[PDB]
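**Student:** Got a structure for you, questions after.
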Amino acid sequence: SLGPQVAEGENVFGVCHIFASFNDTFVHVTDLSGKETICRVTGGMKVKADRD
RNA sequence: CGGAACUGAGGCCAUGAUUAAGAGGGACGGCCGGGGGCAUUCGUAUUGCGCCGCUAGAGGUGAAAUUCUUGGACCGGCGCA
């Protein structure tokens with residue numbers, strides 16, 4: 001029961017927190033507070049070499 | 001009689017001081033300014049430290065490595081110095 005307030009229109013908010021720069025890129029979904037995290041992901045966990 | 005030193009009272013002179021620098025000094029009035037010294041309050045950032053959460057990479061390069069990394073890095077969060 002993940003957000004059991006079932007109305008099929010009650011949208012559930014989060015925040016994303018993109019940290020972009022050179023040599024990296026992060027995507028860090030969290031709740032409204034930034035205290036609880038949901039699947040932080042990067043660019044280095046997908047490609048093979050370090051210059052891409 | 002001359003010229004010496006000294007002391008007293010008087011009338012006379014149209015009776016005596018050049019102006020005030022587009023030279024300067026000082027005074028006075030209202031302002032002006034990241035001018036100078038002493039004490040005072042504020043700011044985000046950085047670095048470290050503590051506690052919480054999820055997860056394998058993070059840095060840095062033209063490209064790499066030295067280096068940090070499940071004994072929990074980098075990211076996010078609240079505090080403190």
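Chain lettering (A, B, ...) mirrors the order of the structure tokens, residue numbering begins at 1 for each chain separately, and ligand numbering begins at 1 in order of display.
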Would you list, as a PyMOL selection string, the residues of chain A that end up in strand (DSSP E or B) under DSSP run on this structure's backbone?

**Tutor:** chain A and resi 15+18-21+24-30+37-41

**Student:** Give me the chain A side of the contact with chain B, cut-off 10 Å, one line per residue showing its nearest atom pair and distance in Å at one decimal, counting only C-alpha atoms (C1' of nucleotides), sorted by chain and residue number, as a tab-separated table.

**Tutor:**
residue	atom	partner	partner_atom	distance
A:17	CA	B:76	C1'	8.2
A:18	CA	B:75	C1'	9.9
A:19	CA	B:75	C1'	8.6
A:23	CA	B:60	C1'	8.5
A:24	CA	B:58	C1'	9.2
A:26	CA	B:75	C1'	7.9
A:27	CA	B:75	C1'	9.0
A:28	CA	B:75	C1'	7.3
A:29	CA	B:76	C1'	9.1
A:30	CA	B:76	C1'	7.9
A:33	CA	B:77	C1'	7.6
A:34	CA	B:76	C1'	5.6
A:35	CA	B:77	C1'	4.8
A:36	CA	B:53	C1'	5.3
A:37	CA	B:54	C1'	5.5
A:38	CA	B:54	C1'	6.6
A:39	CA	B:54	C1'	6.9
A:40	CA	B:55	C1'	7.2
A:41	CA	B:55	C1'	8.9
A:42	CA	B:57	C1'	9.4
A:44	CA	B:57	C1'	7.7
A:45	CA	B:57	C1'	7.4
A:50	CA	B:64	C1'	9.4
A:51	CA	B:63	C1'	7.8

**Student:** Go ahead and write the residues just picked, N, CA, C and O atoms, as an mmCIF file, in the first residue's frame.

**Tutor:**
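Contents of the output file result.cif:
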data_model
loop_
_atom_site.group_PDB
_atom_site.id
_atom_site.type_symbol
_atom_site.label_atom_id
_atom_site.label_comp_id
_atom_site.auth_asym_id
_atom_site.auth_seq_id
_atom_site.Cartn_x
_atom_site.Cartn_y
_atom_site.Cartn_z
ATOM 1 N N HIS A 17 16.283 16.776 -7.666
ATOM 2 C CA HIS A 17 17.652 17.130 -7.288
ATOM 3 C C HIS A 17 18.691 16.709 -8.318
ATOM 4 O O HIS A 17 19.495 15.807 -8.068
ATOM 5 N N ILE A 18 18.670 17.336 -9.480
ATOM 6 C CA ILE A 18 19.668 17.085 -10.509
ATOM 7 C C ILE A 18 20.927 17.869 -10.183
ATOM 8 O O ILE A 18 20.883 19.094 -10.044
ATOM 9 N N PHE A 19 22.045 17.164 -10.079
ATOM 10 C CA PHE A 19 23.367 17.774 -10.009
ATOM 11 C C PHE A 19 24.138 17.424 -11.268
ATOM 12 O O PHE A 19 24.707 16.334 -11.383
ATOM 13 N N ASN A 23 32.125 15.739 -16.272
ATOM 14 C CA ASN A 23 32.671 14.458 -15.848
ATOM 15 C C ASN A 23 31.683 13.613 -15.060
ATOM 16 O O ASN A 23 32.062 12.546 -14.589
ATOM 17 N N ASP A 24 30.441 14.048 -14.892
ATOM 18 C CA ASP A 24 29.476 13.306 -14.095
ATOM 19 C C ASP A 24 28.078 13.830 -14.372
ATOM 20 O O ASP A 24 27.893 14.835 -15.058
ATOM 21 N N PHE A 26 24.141 13.376 -11.975
ATOM 22 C CA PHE A 26 23.399 12.696 -10.922
ATOM 23 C C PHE A 26 21.915 13.009 -10.992
ATOM 24 O O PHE A 26 21.516 14.108 -11.384
ATOM 25 N N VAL A 27 21.104 12.032 -10.591
ATOM 26 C CA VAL A 27 19.656 12.147 -10.545
ATOM 27 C C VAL A 27 19.198 11.481 -9.259
ATOM 28 O O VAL A 27 19.277 10.255 -9.137
ATOM 29 N N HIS A 28 18.700 12.275 -8.314
ATOM 30 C CA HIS A 28 18.538 11.855 -6.925
ATOM 31 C C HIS A 28 17.134 12.171 -6.441
ATOM 32 O O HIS A 28 16.905 13.200 -5.805
ATOM 33 N N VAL A 29 16.196 11.271 -6.705
ATOM 34 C CA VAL A 29 14.817 11.522 -6.323
ATOM 35 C C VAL A 29 14.672 11.391 -4.820
ATOM 36 O O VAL A 29 15.188 10.450 -4.207
ATOM 37 N N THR A 30 13.957 12.337 -4.222
ATOM 38 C CA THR A 30 13.644 12.313 -2.808
ATOM 39 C C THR A 30 12.233 12.823 -2.599
ATOM 40 O O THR A 30 11.550 13.245 -3.535
ATOM 41 N N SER A 33 11.093 16.520 1.704
ATOM 42 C CA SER A 33 12.001 16.969 2.744
ATOM 43 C C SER A 33 13.467 16.813 2.385
ATOM 44 O O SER A 33 14.312 17.451 3.018
ATOM 45 N N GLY A 34 13.785 15.979 1.403
ATOM 46 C CA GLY A 34 15.166 15.690 1.098
ATOM 47 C C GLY A 34 15.859 14.797 2.095
ATOM 48 O O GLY A 34 17.080 14.643 2.021
ATOM 49 N N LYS A 35 15.120 14.207 3.028
ATOM 50 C CA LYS A 35 15.675 13.329 4.044
ATOM 51 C C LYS A 35 15.628 11.868 3.648
ATOM 52 O O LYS A 35 16.453 11.082 4.122
ATOM 53 N N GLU A 36 14.679 11.492 2.800
ATOM 54 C CA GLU A 36 14.469 10.116 2.384
ATOM 55 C C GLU A 36 14.630 10.025 0.880
ATOM 56 O O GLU A 36 14.076 10.845 0.142
ATOM 57 N N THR A 37 15.361 9.015 0.438
ATOM 58 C CA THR A 37 15.862 8.949 -0.918
ATOM 59 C C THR A 37 15.299 7.743 -1.639
ATOM 60 O O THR A 37 14.980 6.719 -1.032
ATOM 61 N N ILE A 38 15.167 7.897 -2.946
ATOM 62 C CA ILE A 38 14.572 6.891 -3.806
ATOM 63 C C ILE A 38 15.400 6.790 -5.079
ATOM 64 O O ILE A 38 15.228 7.584 -6.010
ATOM 65 N N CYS A 39 16.300 5.812 -5.129
ATOM 66 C CA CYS A 39 17.012 5.447 -6.353
ATOM 67 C C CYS A 39 17.827 6.617 -6.912
ATOM 68 O O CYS A 39 17.523 7.186 -7.959
ATOM 69 N N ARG A 40 18.859 6.975 -6.165
ATOM 70 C CA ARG A 40 19.907 7.814 -6.716
ATOM 71 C C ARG A 40 20.610 7.071 -7.839
ATOM 72 O O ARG A 40 20.889 5.876 -7.729
ATOM 73 N N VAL A 41 20.885 7.779 -8.930
ATOM 74 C CA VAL A 41 21.462 7.192 -10.133
ATOM 75 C C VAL A 41 22.442 8.189 -10.730
ATOM 76 O O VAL A 41 22.318 9.400 -10.536
ATOM 77 N N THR A 42 23.421 7.664 -11.465
ATOM 78 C CA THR A 42 24.472 8.455 -12.082
ATOM 79 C C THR A 42 24.620 8.162 -13.564
ATOM 80 O O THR A 42 23.781 7.487 -14.162
ATOM 81 N N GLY A 44 27.970 7.265 -14.529
ATOM 82 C CA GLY A 44 29.086 6.342 -14.513
ATOM 83 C C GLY A 44 28.686 4.906 -14.296
ATOM 84 O O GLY A 44 29.468 4.004 -14.611
ATOM 85 N N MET A 45 27.497 4.671 -13.761
ATOM 86 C CA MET A 45 27.006 3.322 -13.551
ATOM 87 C C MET A 45 26.451 2.669 -14.803
ATOM 88 O O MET A 45 25.988 1.527 -14.721
ATOM 89 N N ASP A 50 35.603 6.223 -18.982
ATOM 90 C CA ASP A 50 35.561 7.332 -18.045
ATOM 91 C C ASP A 50 35.452 8.686 -18.727
ATOM 92 O O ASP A 50 35.135 9.675 -18.059
ATOM 93 N N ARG A 51 35.678 8.751 -20.036
ATOM 94 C CA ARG A 51 35.650 9.992 -20.796
ATOM 95 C C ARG A 51 34.325 10.207 -21.498
ATOM 96 O O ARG A 51 34.217 11.096 -22.349
#
